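Notes for the one structure printed next.
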Number of protein chains: 6
Amino acid sequence: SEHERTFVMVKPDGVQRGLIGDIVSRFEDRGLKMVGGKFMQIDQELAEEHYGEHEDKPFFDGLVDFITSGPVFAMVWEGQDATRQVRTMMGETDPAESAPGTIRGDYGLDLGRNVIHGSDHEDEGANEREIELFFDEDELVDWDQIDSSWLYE
Amino acid sequence: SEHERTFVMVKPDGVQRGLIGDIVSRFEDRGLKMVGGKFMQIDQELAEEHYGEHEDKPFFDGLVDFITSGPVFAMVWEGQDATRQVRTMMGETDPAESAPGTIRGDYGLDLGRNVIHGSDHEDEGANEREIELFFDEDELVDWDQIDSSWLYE
Amino acid sequence: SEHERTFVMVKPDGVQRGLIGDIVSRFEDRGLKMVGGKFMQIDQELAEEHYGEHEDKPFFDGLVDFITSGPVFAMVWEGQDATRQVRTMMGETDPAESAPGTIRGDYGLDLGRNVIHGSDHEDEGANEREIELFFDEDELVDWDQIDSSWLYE
Amino acid sequence: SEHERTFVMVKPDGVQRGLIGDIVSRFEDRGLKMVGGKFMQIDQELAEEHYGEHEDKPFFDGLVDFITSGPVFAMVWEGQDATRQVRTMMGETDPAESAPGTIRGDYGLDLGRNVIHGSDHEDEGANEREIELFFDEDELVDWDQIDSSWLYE
Amino acid sequence: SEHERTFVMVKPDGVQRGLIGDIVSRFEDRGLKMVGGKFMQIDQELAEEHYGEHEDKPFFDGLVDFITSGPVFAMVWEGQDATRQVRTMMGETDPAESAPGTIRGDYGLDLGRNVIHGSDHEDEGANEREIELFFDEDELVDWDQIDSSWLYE
Amino acid sequence: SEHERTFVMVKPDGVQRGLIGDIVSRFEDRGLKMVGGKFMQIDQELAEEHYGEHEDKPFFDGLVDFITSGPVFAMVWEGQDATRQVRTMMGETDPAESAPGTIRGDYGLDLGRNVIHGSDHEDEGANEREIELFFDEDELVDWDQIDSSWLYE
């Protein structure tokens, strides 16, 4: 671990409600290093490709419409065990089952309007697929953050 | 759910120690909507009516004296599953058994000086009784917060 | 002074945008003492009294409409030089003229949506009338905050 | 204005020191709207275009080296009087001359490592060119933030 | 309980990464009272005496080298059940197994670079040994904090 | 400069009101480096030396009594133009004259309880003597903070 990466995304509800800074501050405070960041408007092709596992499900179109309703802030974050860690930080999928101190536990209320997305660490390879899906290799940035020498042994 | 309400109250210890803002910021950050707010001094009649279930208990008079010792900030908050949610946010009844990130876990130390009160969701109807007890219908405010359209499906 | 009081309210824009906590904090942080606090909706009649000095002016109805368009959080604060201090803290009337640090310089953009009101120290007695205007004497609370022992010589 | 736009970027010092969140917050807090956002590394060629006005000056290469020495977070913000407002918020050029409250007055120390850049309102069209310089039109997002309904008269 | 004390220490990673304030603010917010504070550079004698239980362990020298690599901020904190409470606040020993809202859960990533140390409440007497080890009796301060009368019954 | 040092202390009012963290943060935030840090009680003799310039003045004993009435947190900070920078950050002597943003403008109210002291840059050598006055050379720490690589050209 250490140069592990994950895809993380302030969803359109978090963007609208003015929580980009707050959320990025939590990942920066943590020592996680930003290596991708992009303010964008997901299109149909990308939305439907992102939720492909849910194609045949009834709720699919509503899901595409929401993630489409307004712009997102897509991120790639780097650090030891980043993928699991970001998921611990965000809370449970449902904000109403999330503990205070998690992103969703502090900022959210509804299951389907949960402010943020992070690659599932239990879906092996998910982080990579999501990253390549949202960022071209050129959009990613190789650097060394000041913090790194004091974050890791 | 969604227009569900609960009664919440910064107790005299939280008022004294300067935590009104901090606590209201946590509920505002969450998307919960304020529909009642009142800086007040509870009297005997109201204190004893509030803790009526504890009339015959030895500790009753001490409890009335504390909630009487200085002014409170009483609130009504609105949102999906508000009653349970506020209780998750505050922590356990004892601050010394509360997790960091909860109100009591971050700001409190003593069981009997726990900075805040929130209607018990497990006492069905408690929120309503507490609300009507502290606020007249005219003191409550029907509005729509900006946030609502992005907080709920 | 020491017991000087000033009328302050979070205007409906500031309320909508979820700035009540952050505002109350700035005042508690400062050592100012909350002695009145009332989440309310200004009715028309009250709104026209409050702006009575501008009644024969073109922009009068616009002012009335806005200030009544959503709930406010009306407050009373107590401390040495409270009125002037609160007006220093808020900024200039136009937030477009306000310094970073001040409430308006950090939170607002348009002269008309300047988020907050506070009694003008340069109009003697203003604090007095506006306090009386929004608050019956019995809504206000005499107490002693532990901070004062160290706030004042 | 209302839809006026300004180019802002967290310089490599500010990025290294973990100040991206805190910076984006100050702008969201303010009600400014993010309409462009790109974590990137300025290549040399871009860096020399951006500083083209200083090309025949001694300190030119130092400026190029620094601005390319690490990733930046480049942004576009939208609001009434955005450009001037952003420059008020940042401070003076020298942080050693900047007031507490301003981004530089709180976070920076040396004229050369002044943490952040923002288009100069006193050089008309500057915002326009620098925006175009860092962003292709299609990287920018037309949307409506719920805040504006209350941010603007 | 109430005048119970524990030894707490921002480790060299927390010092370097600029988290003294943030951590002290969490203990002050909590009502815990500072009665010892000291910015210092631990020497060999003290480091090896502190980790004496780990003398024969292979990892001992690396542990001494890290706690030696840069200065610490050593503290003594006072309050009811302080020793357990500080340990709840910091998280688990491993930051990657810590919940958001804990010090390590918010600020750390690596097991061996966990920003902070707090006396183990399950090692009876540990707090005292650690305190006497780092502070002479004269370096400690007997006072009464303002908060105390509202923190405890 | 770069290695210039300044003496700063949170006065007993600021200590009582739980402002040590918030103060240290403002300085870490800024990139100033803590090189001395000592929670202490000024004895009378020290207090009279520190205020020696006012010894033949009426208000002298009041000053001595106050500064010795409770613990202080005495500090030393290192950075380019540290002394002037710290005095800009604090505000004016009177907090009633201080701007929002400055430590005193946000946290204090009365000229006499102005929460914090910092060496005067307009009295050359002041920083030197006050540092020596509160700190033996060996209490101070030579180290390198990772921030400087990016804080200074």
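Residue numbering restarts at 1 in every chain; chains get A, B, ... in the order shown in the structure tokens, and ligands count up from 1 in that same order.
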Quiz item: After a least-squares superposition of chain D on chain A over all Cα atoms matched in order, what is the RMSD to one decimal?
Solution: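 The C-alpha RMSD comes out at 0.2 Å.
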Self-check item: chain A residues near chain E (8 Å cut-off, only C-alpha atoms) as a PyMOL selection string
Solution: chain A and resi 26+29-31+79-81+85+88-89+100-102+147+150-153
Export of prior selection with N, CA and C atoms as a compact mmCIF listing (two decimals), in the first residue's frame:
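The resulting file, part_34.txt, is reproduced below:
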# COMPACT_ATOMS: atom_id res chain seq x y z
N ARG A 26 -11.39 17.57 4.67
CA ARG A 26 -11.33 16.32 5.45
C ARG A 26 -10.29 15.33 4.92
N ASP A 29 -6.82 17.01 5.48
CA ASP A 29 -6.47 16.89 6.90
C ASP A 29 -5.92 15.49 7.21
N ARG A 30 -6.49 14.51 6.53
CA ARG A 30 -6.17 13.10 6.74
C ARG A 30 -4.78 12.66 6.23
N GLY A 31 -4.17 13.48 5.37
CA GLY A 31 -2.91 13.12 4.73
C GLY A 31 -3.04 12.52 3.33
N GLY A 79 -3.03 7.55 -1.04
CA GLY A 79 -2.47 7.29 0.27
C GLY A 79 -2.61 5.82 0.62
N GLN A 80 -1.87 5.39 1.65
CA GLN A 80 -2.00 4.05 2.18
C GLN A 80 -3.45 3.71 2.52
N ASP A 81 -3.91 2.59 1.96
CA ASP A 81 -5.25 2.05 2.20
C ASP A 81 -6.36 3.09 1.94
N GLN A 85 -10.19 3.58 3.52
CA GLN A 85 -10.22 4.74 4.41
C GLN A 85 -11.29 5.77 4.01
N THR A 88 -14.66 4.49 5.01
CA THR A 88 -14.90 4.67 6.44
C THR A 88 -15.28 6.12 6.73
N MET A 89 -14.59 7.06 6.10
CA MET A 89 -14.81 8.49 6.30
C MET A 89 -16.18 9.00 5.84
N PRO A 100 -22.08 10.39 13.51
CA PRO A 100 -21.56 11.76 13.42
C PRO A 100 -20.06 11.69 13.33
N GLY A 101 -19.47 12.53 12.47
CA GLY A 101 -18.05 12.46 12.19
C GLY A 101 -17.76 11.93 10.80
N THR A 102 -18.67 11.12 10.26
CA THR A 102 -18.61 10.73 8.85
C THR A 102 -19.17 11.84 8.00
N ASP A 147 3.82 16.26 3.25
CA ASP A 147 3.30 15.40 4.33
C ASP A 147 3.84 13.97 4.33
N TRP A 150 6.25 12.22 6.70
CA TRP A 150 5.83 12.13 8.10
C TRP A 150 4.54 11.33 8.28
N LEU A 151 3.90 10.96 7.17
CA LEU A 151 2.70 10.13 7.21
C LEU A 151 3.02 8.65 7.20
N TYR A 152 4.13 8.28 6.55
CA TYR A 152 4.50 6.88 6.34
C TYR A 152 5.88 6.54 6.89
N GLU A 153 6.05 5.31 7.35
CA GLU A 153 7.29 4.90 8.03
C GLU A 153 8.56 5.07 7.19
Quiz prompt | Distance query residue 41 in chain C at most 8 Å, only C-alpha atoms, self and fewer than 6 positions along chain excluded, as number ranges by chain | solution = B: 141; C: 68, 70-72
Preceding selection exported with N, CA and C atoms as a PDB file, in the first residue's frame:
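Full text of again-v3.pdb as output:
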ATOM      1  N   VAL B 141     -42.660  28.133  12.603  1.00  0.00           N
ATOM      2  CA  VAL B 141     -42.576  28.803  11.302  1.00  0.00           C
ATOM      3  C   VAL B 141     -42.572  27.808  10.147  1.00  0.00           C
TER       4      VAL B 141
ATOM      5  N   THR C  68     -39.675  40.194   4.852  1.00  0.00           N
ATOM      6  CA  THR C  68     -40.800  39.306   5.211  1.00  0.00           C
ATOM      7  C   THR C  68     -40.885  38.026   4.370  1.00  0.00           C
ATOM      8  N   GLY C  70     -39.047  35.411   4.216  1.00  0.00           N
ATOM      9  CA  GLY C  70     -38.599  34.187   4.885  1.00  0.00           C
ATOM     10  C   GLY C  70     -38.280  34.453   6.351  1.00  0.00           C
ATOM     11  N   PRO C  71     -38.150  33.385   7.163  1.00  0.00           N
ATOM     12  CA  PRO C  71     -37.844  33.594   8.572  1.00  0.00           C
ATOM     13  C   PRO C  71     -36.511  34.294   8.833  1.00  0.00           C
ATOM     14  N   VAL C  72     -36.464  35.015   9.943  1.00  0.00           N
ATOM     15  CA  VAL C  72     -35.245  35.607  10.436  1.00  0.00           C
ATOM     16  C   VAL C  72     -34.930  34.972  11.777  1.00  0.00           C
TER      17      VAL C  72
END
Exercise. Please indicate the distance in Å from CA of residue 36 in chain B to CA of residue 39 in chain C, rounded to one decimal place.
Key: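 So the answer is 5.8 Å.
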Quiz item: CA of residue 23 in chain F to CA of residue 75 in chain F: how many Å, to one decimal?
Solution: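 These atoms are spaced 10.8 Å apart.
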Exercise. Just the helix (DSSP H, G or I) stuff from range 35-83 of chain B, please, per backbone DSSP, written as an MDAnalysis selection string.
Key: chainID B and resid 44:50 52:54 60:68 82:83
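CA of residue 22 in chain D lies 18.2 Å from CA of residue 22 in chain B.
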Quiz prompt | In chain C, DSSP strand (DSSP E) residues written as a list in words | solution =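 Checking each residue of chain C, the strand (DSSP E) ones are residues 5, 6, 7, 8, 9, 10, 33, 34, 35, 36, 37, 38, 39, 40, 72, 73, 74, 75, 76, 77, 78, 116, 117 and 118 of chain C.
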Practice problem: Would you kindly return, as a PyMOL selection string, each protein, DNA or RNA residue with an atom no farther than 8 Å from any atom of residue 131 in chain A, considering only C-alpha atoms and excluding same-chain residues fewer than 6 positions away? | Solution: chain A and resi 6-7+76
Quiz prompt | Spatial neighbours of residue 73 in chain A, max dist 6 Å, only C-alpha atoms, sep filter under 5 positions, as a PyMOL selection string | solution = chain A and resi 9-10+38-39
